[PDB]
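Chemist: My file is structure.pdb. It has PDB, C-alpha atoms:
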```
ATOM      1  CA  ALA A   1      17.364 -41.919 -25.673
ATOM      2  CA  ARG A   2      20.903 -40.539 -25.773
ATOM      3  CA  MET A   3      21.370 -40.773 -22.002
ATOM      4  CA  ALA A   4      19.945 -44.293 -22.136
ATOM      5  CA  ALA A   5      22.492 -45.133 -24.846
ATOM      6  CA  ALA A   6      25.329 -43.745 -22.712
ATOM      7  CA  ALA A   7      24.519 -46.434 -20.129
ATOM      8  CA  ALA A   8      23.538 -49.075 -22.696
ATOM      9  CA  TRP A   9      27.097 -49.031 -24.030
ATOM     10  CA  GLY A  10      27.804 -50.984 -20.839
ATOM     11  CA  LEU A  11      24.659 -53.148 -21.171
ATOM     12  CA  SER A  12      19.367 -51.803 -25.356
ATOM     13  CA  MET A  13      21.645 -49.934 -27.754
ATOM     14  CA  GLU A  14      19.679 -51.134 -30.797
ATOM     15  CA  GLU A  15      16.571 -49.507 -29.278
ATOM     16  CA  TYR A  16      18.149 -46.313 -27.948
ATOM     17  CA  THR A  17      20.013 -45.346 -31.130
ATOM     18  CA  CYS A  18      16.694 -44.825 -32.952
ATOM     19  CA  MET A  19      15.976 -41.676 -30.883
ATOM     20  CA  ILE A  20      19.340 -40.006 -31.687
ATOM     21  CA  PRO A  21      19.417 -37.913 -34.905
ATOM     22  CA  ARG A  22      22.115 -38.699 -37.457
ATOM     23  CA  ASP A  23      23.063 -35.007 -37.783
ATOM     24  CA  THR A  24      24.898 -34.979 -34.415
ATOM     25  CA  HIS A  25      28.259 -36.652 -33.843
ATOM     26  CA  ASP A  26      26.724 -38.700 -31.026
ATOM     27  CA  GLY A  27      24.439 -40.233 -33.646
ATOM     28  CA  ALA A  28      27.360 -41.600 -35.646
ATOM     29  CA  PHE A  29      29.321 -42.387 -32.474
ATOM     30  CA  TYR A  30      26.565 -44.562 -30.997
ATOM     31  CA  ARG A  31      25.654 -46.067 -34.367
ATOM     32  CA  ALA A  32      29.281 -47.235 -34.252
ATOM     33  CA  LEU A  33      26.140 -50.075 -32.294
ATOM     34  CA  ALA A  34      27.953 -51.141 -35.459
ATOM     35  CA  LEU A  35      30.965 -52.089 -33.328
ATOM     36  CA  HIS A  36      28.764 -54.145 -31.004
ATOM     37  CA  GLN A  37      27.462 -55.802 -34.185
ATOM     38  CA  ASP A  38      30.831 -56.119 -36.008
ATOM     39  CA  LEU A  39      29.475 -54.008 -38.891
ATOM     40  CA  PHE A  40      32.834 -52.625 -39.966
ATOM     41  CA  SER A  41      31.697 -51.196 -43.313
ATOM     42  CA  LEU A  42      28.966 -49.133 -41.627
ATOM     43  CA  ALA A  43      31.418 -48.266 -38.846
ATOM     44  CA  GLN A  44      33.882 -46.585 -41.215
ATOM     45  CA  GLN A  45      31.070 -44.583 -42.826
ATOM     46  CA  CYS A  46      29.794 -43.423 -39.435
ATOM     47  CA  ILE A  47      33.333 -42.506 -38.353
ATOM     48  CA  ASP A  48      33.883 -40.385 -41.467
ATOM     49  CA  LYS A  49      30.502 -38.677 -41.068
ATOM     50  CA  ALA A  50      31.395 -37.978 -37.438
ATOM     51  CA  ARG A  51      34.644 -36.423 -38.656
ATOM     52  CA  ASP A  52      32.553 -34.166 -40.901
ATOM     53  CA  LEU A  53      30.316 -33.078 -38.019
ATOM     54  CA  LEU A  54      33.312 -32.562 -35.740
ATOM     55  CA  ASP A  55      34.854 -30.460 -38.516
ATOM     56  CA  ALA A  56      31.734 -28.304 -38.381
ATOM     57  CA  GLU A  57      32.146 -27.999 -34.600
ATOM     58  CA  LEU A  58      35.921 -27.413 -34.725
ATOM     59  CA  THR A  59      35.628 -24.545 -37.202
ATOM     60  CA  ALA A  60      33.494 -22.876 -34.497
ATOM     61  CA  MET A  61      35.606 -23.779 -31.447
ATOM     62  CA  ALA A  62      38.744 -22.541 -33.243
ATOM     63  CA  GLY A  63      37.766 -18.965 -32.380
ATOM     64  CA  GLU A  64      38.188 -19.050 -28.596
ATOM     65  CA  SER A  65      41.997 -19.394 -28.591
ATOM     66  CA  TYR A  66      41.508 -23.163 -29.028
ATOM     67  CA  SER A  67      40.660 -23.522 -25.324
ATOM     68  CA  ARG A  68      37.193 -25.061 -25.638
ATOM     69  CA  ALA A  69      38.535 -26.948 -28.674
ATOM     70  CA  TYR A  70      40.028 -29.464 -26.209
ATOM     71  CA  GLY A  71      36.559 -30.975 -25.905
ATOM     72  CA  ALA A  72      36.236 -31.355 -29.658
ATOM     73  CA  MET A  73      39.872 -32.449 -29.729
ATOM     74  CA  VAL A  74      38.980 -35.313 -27.397
ATOM     75  CA  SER A  75      36.289 -36.341 -29.879
ATOM     76  CA  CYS A  76      38.981 -36.609 -32.558
ATOM     77  CA  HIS A  77      40.897 -38.983 -30.285
ATOM     78  CA  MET A  78      37.676 -40.914 -29.648
ATOM     79  CA  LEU A  79      37.055 -41.260 -33.373
ATOM     80  CA  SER A  80      40.570 -42.496 -34.091
ATOM     81  CA  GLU A  81      40.275 -45.229 -31.499
ATOM     82  CA  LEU A  82      37.095 -46.426 -33.211
ATOM     83  CA  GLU A  83      39.205 -47.274 -36.255
ATOM     84  CA  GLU A  84      41.669 -48.973 -33.927
ATOM     85  CA  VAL A  85      38.839 -51.154 -32.635
ATOM     86  CA  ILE A  86      38.021 -52.036 -36.246
ATOM     87  CA  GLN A  87      41.639 -53.115 -36.588
ATOM     88  CA  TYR A  88      41.860 -54.617 -33.094
ATOM     89  CA  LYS A  89      39.466 -57.494 -33.761
ATOM     90  CA  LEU A  90      40.213 -57.695 -37.477
ATOM     91  CA  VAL A  91      44.011 -58.134 -37.339
ATOM     92  CA  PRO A  92      45.258 -60.155 -34.315
ATOM     93  CA  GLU A  93      48.856 -59.185 -35.106
ATOM     94  CA  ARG A  94      48.401 -55.417 -34.633
ATOM     95  CA  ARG A  95      46.337 -56.075 -31.486
ATOM     96  CA  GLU A  96      49.343 -56.273 -29.140
ATOM     97  CA  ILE A  97      50.566 -52.904 -30.415
ATOM     98  CA  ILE A  98      47.141 -51.221 -30.481
ATOM     99  CA  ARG A  99      46.964 -51.782 -26.733
ATOM    100  CA  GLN A 100      50.326 -50.015 -26.292
ATOM    101  CA  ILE A 101      49.250 -47.165 -28.586
ATOM    102  CA  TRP A 102      46.039 -46.762 -26.584
ATOM    103  CA  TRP A 103      48.132 -46.567 -23.405
ATOM    104  CA  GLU A 104      50.414 -43.901 -24.887
ATOM    105  CA  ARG A 105      47.425 -41.889 -26.104
ATOM    106  CA  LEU A 106      45.780 -42.064 -22.682
ATOM    107  CA  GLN A 107      48.916 -40.731 -20.970
ATOM    108  CA  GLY A 108      48.338 -37.348 -22.645
ATOM    109  CA  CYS A 109      44.677 -36.747 -21.802
ATOM    110  CA  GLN A 110      43.736 -34.436 -18.939
ATOM    111  CA  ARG A 111      43.120 -36.152 -15.606
ATOM    112  CA  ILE A 112      39.321 -35.889 -15.779
ATOM    113  CA  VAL A 113      37.081 -38.802 -14.824
ATOM    114  CA  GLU A 114      34.335 -38.349 -17.426
ATOM    115  CA  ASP A 115      36.563 -38.157 -20.512
ATOM    116  CA  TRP A 116      38.602 -41.068 -19.153
ATOM    117  CA  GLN A 117      35.459 -43.165 -18.724
ATOM    118  CA  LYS A 118      34.387 -42.317 -22.271
ATOM    119  CA  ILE A 119      37.793 -43.480 -23.533
ATOM    120  CA  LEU A 120      37.499 -46.840 -21.792
ATOM    121  CA  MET A 121      33.824 -46.990 -22.785
ATOM    122  CA  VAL A 122      35.080 -47.136 -26.356
ATOM    123  CA  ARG A 123      38.004 -49.446 -25.591
ATOM    124  CA  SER A 124      36.133 -52.028 -23.483
ATOM    125  CA  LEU A 125      34.267 -53.423 -26.515
ATOM    126  CA  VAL A 126      37.260 -55.678 -27.204
ATOM    127  CA  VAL A 127      39.375 -55.714 -23.997
ATOM    128  CA  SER A 128      37.711 -56.947 -20.842
ATOM    129  CA  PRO A 129      38.153 -54.277 -18.112
ATOM    130  CA  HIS A 130      39.712 -56.719 -15.621
ATOM    131  CA  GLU A 131      42.537 -57.470 -18.087
ATOM    132  CA  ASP A 132      43.886 -53.894 -18.274
ATOM    133  CA  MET A 133      44.600 -53.628 -14.563
ATOM    134  CA  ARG A 134      47.319 -50.969 -14.924
ATOM    135  CA  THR A 135      44.797 -48.604 -16.510
ATOM    136  CA  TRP A 136      42.344 -49.074 -13.636
ATOM    137  CA  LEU A 137      45.174 -48.556 -11.146
ATOM    138  CA  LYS A 138      45.715 -45.195 -12.825
ATOM    139  CA  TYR A 139      41.939 -44.682 -12.581
ATOM    140  CA  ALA A 140      42.311 -45.210  -8.837
ATOM    141  CA  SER A 141      45.212 -42.736  -8.798
ATOM    142  CA  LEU A 142      43.065 -40.079 -10.542
ATOM    143  CA  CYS A 143      41.809 -38.896  -7.137
ATOM    144  CA  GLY A 144      41.740 -39.832  -3.480
ATOM    145  CA  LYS A 145      38.183 -41.139  -3.906
ATOM    146  CA  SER A 146      38.553 -41.615  -7.697
ATOM    147  CA  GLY A 147      35.855 -38.925  -7.869
ATOM    148  CA  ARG A 148      33.669 -40.626  -5.245
ATOM    149  CA  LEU A 149      33.848 -43.667  -2.967
ATOM    150  CA  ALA A 150      31.306 -45.563  -5.083
ATOM    151  CA  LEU A 151      33.641 -45.337  -8.084
ATOM    152  CA  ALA A 152      36.610 -46.463  -5.984
ATOM    153  CA  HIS A 153      34.525 -49.362  -4.668
ATOM    154  CA  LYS A 154      33.571 -50.415  -8.200
ATOM    155  CA  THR A 155      37.193 -50.167  -9.359
ATOM    156  CA  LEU A 156      38.283 -52.321  -6.432
ATOM    157  CA  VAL A 157      35.506 -54.829  -7.156
ATOM    158  CA  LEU A 158      36.660 -55.070 -10.775
ATOM    159  CA  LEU A 159      40.362 -55.475  -9.991
ATOM    160  CA  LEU A 160      39.796 -57.818  -7.034
ATOM    161  CA  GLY A 161      36.947 -59.986  -8.208
ATOM    162  CA  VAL A 162      35.860 -59.567  -4.567
ATOM    163  CA  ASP A 163      32.867 -57.648  -3.176
ATOM    164  CA  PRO A 164      33.790 -55.660  -0.018
ATOM    165  CA  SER A 165      30.115 -54.694   0.361
ATOM    166  CA  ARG A 166      29.618 -58.368   1.329
ATOM    167  CA  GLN A 167      33.258 -59.365   1.990
ATOM    168  CA  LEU A 168      34.831 -56.551   4.032
ATOM    169  CA  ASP A 169      35.473 -59.063   6.841
ATOM    170  CA  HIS A 170      37.144 -61.397   4.330
ATOM    171  CA  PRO A 171      40.934 -61.844   4.684
ATOM    172  CA  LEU A 172      43.303 -60.371   2.139
ATOM    173  CA  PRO A 173      42.525 -61.200  -1.512
ATOM    174  CA  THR A 174      44.324 -63.498  -3.930
ATOM    175  CA  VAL A 175      44.577 -60.559  -6.358
ATOM    176  CA  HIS A 176      47.943 -59.370  -7.665
ATOM    177  CA  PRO A 177      49.772 -57.730  -4.685
ATOM    178  CA  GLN A 178      49.564 -54.200  -6.130
ATOM    179  CA  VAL A 179      45.764 -54.235  -6.035
ATOM    180  CA  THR A 180      45.897 -55.584  -2.478
ATOM    181  CA  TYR A 181      48.026 -52.574  -1.528
ATOM    182  CA  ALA A 182      45.601 -50.246  -3.328
ATOM    183  CA  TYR A 183      42.583 -51.829  -1.617
ATOM    184  CA  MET A 184      44.182 -51.398   1.794
ATOM    185  CA  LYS A 185      45.024 -47.769   1.028
ATOM    186  CA  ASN A 186      41.338 -47.356   0.189
ATOM    187  CA  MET A 187      40.316 -48.997   3.475
ATOM    188  CA  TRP A 188      42.646 -46.626   5.335
ATOM    189  CA  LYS A 189      40.673 -43.781   3.705
ATOM    190  CA  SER A 190      37.647 -44.587   5.870
ATOM    191  CA  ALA A 191      36.715 -45.178   9.499
ATOM    192  CA  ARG A 192      38.462 -48.578   9.576
ATOM    193  CA  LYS A 193      41.992 -47.217   9.874
ATOM    194  CA  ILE A 194      43.076 -49.679  12.582
ATOM    195  CA  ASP A 195      41.780 -52.626  10.561
ATOM    196  CA  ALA A 196      43.608 -51.215   7.542
ATOM    197  CA  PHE A 197      46.840 -51.216   9.561
ATOM    198  CA  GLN A 198      46.257 -54.816  10.667
ATOM    199  CA  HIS A 199      45.551 -55.806   7.064
ATOM    200  CA  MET A 200      48.799 -54.063   6.108
ATOM    201  CA  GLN A 201      50.636 -56.200   8.658
ATOM    202  CA  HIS A 202      48.925 -59.294   7.229
ATOM    203  CA  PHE A 203      49.913 -58.245   3.709
ATOM    204  CA  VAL A 204      53.541 -57.777   4.741
ATOM    205  CA  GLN A 205      53.492 -61.216   6.388
ATOM    206  CA  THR A 206      52.095 -62.991   3.329
ATOM    207  CA  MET A 207      54.399 -61.076   0.969
ATOM    208  CA  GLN A 208      57.314 -62.204   3.137
ATOM    209  CA  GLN A 209      56.012 -65.749   2.663
ATOM    210  CA  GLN A 210      55.814 -65.128  -1.094
ATOM    211  CA  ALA A 211      59.346 -63.702  -1.132
ATOM    212  CA  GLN A 212      60.598 -66.801   0.683
ATOM    213  CA  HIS A 213      58.884 -68.868  -2.005
ATOM    214  CA  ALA A 214      60.303 -66.482  -4.622
ATOM    215  CA  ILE A 215      63.974 -67.097  -3.728
ATOM    216  CA  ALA A 216      65.020 -68.123  -7.236
ATOM    217  CA  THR A 217      66.085 -66.644 -10.553
ATOM    218  CA  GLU A 218      62.936 -67.658 -12.444
ATOM    219  CA  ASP A 219      60.679 -65.633 -10.085
ATOM    220  CA  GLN A 220      63.076 -62.808  -9.142
ATOM    221  CA  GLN A 221      61.054 -60.433 -11.335
ATOM    222  CA  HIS A 222      58.227 -60.859  -8.841
ATOM    223  CA  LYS A 223      60.611 -60.755  -5.867
ATOM    224  CA  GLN A 224      62.178 -57.450  -6.920
ATOM    225  CA  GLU A 225      58.704 -56.009  -7.499
ATOM    226  CA  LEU A 226      57.623 -57.587  -4.224
ATOM    227  CA  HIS A 227      60.457 -55.781  -2.423
ATOM    228  CA  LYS A 228      59.042 -52.449  -3.596
ATOM    229  CA  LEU A 229      55.578 -53.369  -2.380
ATOM    230  CA  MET A 230      56.965 -54.647   0.915
ATOM    231  CA  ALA A 231      58.917 -51.406   1.178
ATOM    232  CA  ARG A 232      55.778 -49.359   0.548
ATOM    233  CA  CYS A 233      53.842 -51.434   3.053
ATOM    234  CA  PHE A 234      56.609 -51.114   5.627
ATOM    235  CA  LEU A 235      56.652 -47.357   5.078
ATOM    236  CA  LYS A 236      52.911 -47.277   5.675
ATOM    237  CA  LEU A 237      53.285 -49.581   8.689
ATOM    238  CA  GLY A 238      55.399 -46.804  10.117
ATOM    239  CA  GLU A 239      53.236 -43.804   9.292
ATOM    240  CA  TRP A 240      49.889 -45.517   9.833
ATOM    241  CA  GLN A 241      51.137 -46.755  13.205
TER     242      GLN A 241
ATOM    243  CA  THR B   1      41.784 -32.718 -46.639
ATOM    244  CA  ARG B   2      40.140 -31.309 -43.508
ATOM    245  CA  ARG B   3      38.827 -34.767 -42.616
ATOM    246  CA  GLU B   4      42.347 -36.154 -42.972
ATOM    247  CA  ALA B   5      43.662 -33.369 -40.733
ATOM    248  CA  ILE B   6      41.063 -34.415 -38.157
ATOM    249  CA  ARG B   7      42.266 -38.002 -38.502
ATOM    250  CA  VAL B   8      45.856 -36.848 -37.950
ATOM    251  CA  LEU B   9      44.919 -34.889 -34.827
ATOM    252  CA  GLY B  10      43.007 -37.852 -33.426
ATOM    253  CA  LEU B  11      45.903 -40.195 -34.188
ATOM    254  CA  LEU B  12      48.374 -37.922 -32.388
ATOM    255  CA  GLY B  13      46.391 -38.493 -29.173
ATOM    256  CA  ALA B  14      44.989 -36.357 -26.398
ATOM    257  CA  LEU B  15      46.813 -33.415 -24.822
ATOM    258  CA  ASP B  16      46.469 -31.121 -21.815
ATOM    259  CA  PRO B  17      46.200 -27.481 -23.022
ATOM    260  CA  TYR B  18      48.101 -26.530 -19.861
ATOM    261  CA  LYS B  19      50.955 -28.826 -20.889
ATOM    262  CA  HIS B  20      50.658 -27.369 -24.400
ATOM    263  CA  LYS B  21      50.967 -23.738 -23.320
ATOM    264  CA  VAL B  22      53.562 -24.278 -20.577
ATOM    265  CA  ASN B  23      55.954 -26.319 -22.715
ATOM    266  CA  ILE B  24      55.720 -24.249 -25.933
ATOM    267  CA  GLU B  25      46.424   2.221 -27.523
ATOM    268  CA  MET B  26      43.942   5.036 -28.095
ATOM    269  CA  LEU B  27      41.835   4.753 -24.924
ATOM    270  CA  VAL B  28      44.899   4.453 -22.680
ATOM    271  CA  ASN B  29      46.281   7.639 -24.237
ATOM    272  CA  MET B  30      43.015   9.604 -24.123
ATOM    273  CA  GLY B  31      42.605   8.976 -20.393
ATOM    274  CA  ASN B  32      45.638  11.198 -19.697
ATOM    275  CA  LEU B  33      46.217  13.421 -22.771
ATOM    276  CA  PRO B  34      44.203  16.433 -23.958
ATOM    277  CA  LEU B  35      42.538  15.473 -27.225
ATOM    278  CA  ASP B  36      43.834  18.566 -29.052
ATOM    279  CA  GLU B  37      47.312  17.000 -28.837
ATOM    280  CA  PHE B  38      46.276  13.338 -29.063
ATOM    281  CA  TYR B  39      44.222  13.451 -32.257
ATOM    282  CA  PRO B  40      46.983  15.122 -34.310
ATOM    283  CA  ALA B  41      49.138  12.301 -32.901
ATOM    284  CA  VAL B  42      46.502   9.864 -34.217
ATOM    285  CA  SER B  43      46.448  11.430 -37.669
ATOM    286  CA  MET B  44      50.239  11.192 -37.652
ATOM    287  CA  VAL B  45      50.089   7.529 -36.588
ATOM    288  CA  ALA B  46      47.727   6.676 -39.452
ATOM    289  CA  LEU B  47      49.841   8.719 -41.872
ATOM    290  CA  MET B  48      52.982   6.856 -40.789
ATOM    291  CA  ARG B  49      51.253   3.478 -41.017
ATOM    292  CA  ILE B  50      50.474   4.287 -44.648
ATOM    293  CA  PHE B  51      53.883   5.952 -45.167
ATOM    294  CA  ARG B  52      55.945   2.860 -44.342
ATOM    295  CA  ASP B  53      53.931   0.698 -46.784
ATOM    296  CA  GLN B  54      54.530   0.387 -50.531
ATOM    297  CA  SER B  55      51.145   2.001 -51.308
ATOM    298  CA  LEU B  56      52.764   5.380 -50.550
ATOM    299  CA  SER B  57      54.211   5.193 -54.073
ATOM    300  CA  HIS B  58      50.612   5.396 -55.361
ATOM    301  CA  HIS B  59      49.347   8.055 -52.896
TER     302      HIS B  59
END
```
Transcribe the structure of this file into structure tokens.

Modeler:
Amino acid sequence: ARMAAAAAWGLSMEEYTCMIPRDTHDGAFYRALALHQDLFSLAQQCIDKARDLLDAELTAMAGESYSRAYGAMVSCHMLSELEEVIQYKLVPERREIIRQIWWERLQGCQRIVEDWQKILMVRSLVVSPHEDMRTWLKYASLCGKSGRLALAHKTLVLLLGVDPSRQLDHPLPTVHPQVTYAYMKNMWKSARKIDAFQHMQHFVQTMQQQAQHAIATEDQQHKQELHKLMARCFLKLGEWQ
Amino acid sequence: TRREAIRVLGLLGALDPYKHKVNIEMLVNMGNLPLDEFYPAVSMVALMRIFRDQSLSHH
């Protein structure tokens, strides 16, 4: 039930792991199950055994000019982040910095949807996906459709907390303005281009209202950022028009 | 030691092999030469490969 486990990470696991042999790195990976269960001692053992199996695979992939080895190399990264998860919950003080390290590590990976989703599949055990909104903005930026419009729709649903499948007629969201801009760019990438332009005008209007509210030192950090977004929106209000 | 090397590689993070690479005899001769001239020039090549090595002092 390996394929079932690949979905049960996001849901189950205790049942599906029993059909995965221990002698494959996926066995150890999905037994560290142990991370769902906060079984750190078992988790370290599984991680080390996975490093052994990935050693066996890397000594084979080393032949082909280390081109295929990228795949196995990604597994190394995956394994390291497992230890970070063991630290992430265990030591609150390193937690702030483990998030930054995870960001820096993700900046180097190839812009491929599946590997990216595996990375956040590991990371989401301890960080709720709607917290790391910058990472999902980059997920949106991975492609025009983020791989396909269903994935873009799910990303927008996560970042917004709003369901365009039922709430497309809804006015602009209360989300952070960047995600509003992203959502409207996504709407423009569909039949409803005119409505996207009108929503862009609405977004510029309400950001002007926010900027008027933001005339102060204590909120200038928003206002400066807001200028950029207003600028972007204004630029679009030209080209889209 | 190999396991620790794997840990080090995983700690260093992911990498694009494109970013990695960007930022960091006989058959050809026989197709044109007559073999009566080439193969003496192969014996000479092997002889000179051995000649320039220390093992010449033994042979």

Chemist: Counting all atoms listed in the file, which residues of chain A fall within 12 Å of chain B, and what is the closest atom pair for each with its distance in Å at one decimal, ordered by chain and rising number, as CSV?

Modeler:
```
residue,atom,partner,partner_atom,distance
A:47,CA,B:7,CA,10.0
A:48,CA,B:3,CA,7.6
A:49,CA,B:3,CA,9.3
A:50,CA,B:3,CA,9.6
A:51,CA,B:3,CA,6.0
A:52,CA,B:3,CA,6.5
A:53,CA,B:3,CA,9.8
A:54,CA,B:6,CA,8.3
A:55,CA,B:3,CA,7.2
A:56,CA,B:2,CA,10.3
A:57,CA,B:6,CA,11.5
A:58,CA,B:6,CA,9.3
A:59,CA,B:2,CA,10.3
A:65,CA,B:17,CA,10.7
A:66,CA,B:17,CA,8.8
A:67,CA,B:17,CA,7.2
A:68,CA,B:17,CA,9.7
A:69,CA,B:17,CA,9.5
A:70,CA,B:17,CA,7.2
A:71,CA,B:14,CA,10.0
A:72,CA,B:10,CA,10.1
A:73,CA,B:14,CA,7.2
A:74,CA,B:14,CA,6.2
A:75,CA,B:10,CA,7.7
A:76,CA,B:10,CA,4.3
A:77,CA,B:10,CA,3.9
A:78,CA,B:10,CA,7.2
A:79,CA,B:10,CA,6.9
A:80,CA,B:10,CA,5.3
A:81,CA,B:11,CA,8.0
A:82,CA,B:10,CA,10.4
A:83,CA,B:11,CA,10.0
A:84,CA,B:11,CA,9.7
A:98,CA,B:11,CA,11.7
A:101,CA,B:13,CA,9.1
A:102,CA,B:13,CA,8.7
A:103,CA,B:13,CA,10.1
A:104,CA,B:13,CA,8.0
A:105,CA,B:13,CA,4.7
A:106,CA,B:14,CA,6.9
A:107,CA,B:14,CA,8.0
A:108,CA,B:15,CA,4.7
A:109,CA,B:14,CA,4.6
A:110,CA,B:16,CA,5.2
A:111,CA,B:16,CA,8.7
A:112,CA,B:16,CA,10.5
A:115,CA,B:14,CA,10.4
A:116,CA,B:14,CA,10.7
A:119,CA,B:14,CA,10.5
```

Chemist: So which residues touch residue 178 in chain A within 12 Å, counting all atoms listed in the file, skipping near sequence neighbours fewer than 5 positions away, as a list in words?

Modeler: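 Near residue 178 in chain A, the qualifying residues are residues 133, 134, 136, 137, 138, 140, 156, 159, 160, 173, 183, 184, 185, 203, 207, 222, 225, 226, 227, 228, 229, 230, 232 and 233 of chain A.
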
Chemist: Any idea what the distance is between CA of residue 48 in chain B and CA of residue 32 in chain B?

Modeler: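 CA of residue 32 in chain B lies 22.8 Å from CA of residue 48 in chain B.
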
Chemist: Put the listed atoms of range 12-29 of chain B in a box along x, y and z with 6 Å added on every side and give me the centre and edge lengths in Å to one decimal, as JSON.

Modeler:
```
{"center_x": 48.9, "center_y": -15.4, "center_z": -26.1, "size_x": 26.1, "size_y": 58.1, "size_z": 24.5}
```

Chemist: Considering all atoms listed in the file, state which residue in the set B:59, B:29, B:53, B:21 is at the smallest distance from residue 41 in chain B.

Modeler: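 Smallest separation from residue 41 in chain B among the options: B:29.
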
Chemist: Please compute the CA of residue 9 in chain A-CA of residue 25 in chain A distance, one decimal, in Å.

Modeler: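 Between CA of residue 9 in chain A and CA of residue 25 in chain A the gap is 15.8 Å.
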
Chemist: Please measure the separation of CA of residue 45 in chain A and CA of residue 29 in chain A, giving the value in Å to one decimal.

Modeler: 10.7 Å

Chemist: Report as a VMD selection string the full result of the PyMOL selection byres ((chain A and resi 6) around 12) when it is applied to this structure.

Modeler: chain A and resid 1 to 5 7 to 13 16 to 17 20 26 to 27 29 to 31 33 114 117 to 118 121 to 122

Chemist: With all atoms listed in the file as the counted atoms, please give the residues lying no more than 8 Å from residue 200 in chain A, apart from itself and same-chain residues fewer than 4 positions off, as an MDAnalysis selection string.

Modeler: chainID A and resid 181 184 196 204 233 236:237

Chemist: Nearest to residue 26 in chain B: which of B:1, B:43, B:51, B:38 is it, counting only C-alpha atoms?

Modeler: B:38

Chemist: Give me the residues near residue 99 in chain A as a PyMOL selection string, where near means some atom within 12 Å (using only C-alpha atoms) and where sequence neighbours in that chain fewer than 6 positions away do not count.

Modeler: chain A and resi 81+84-85+87-89+92-93+105-106+120+123-124+126-127+131-132+134-135
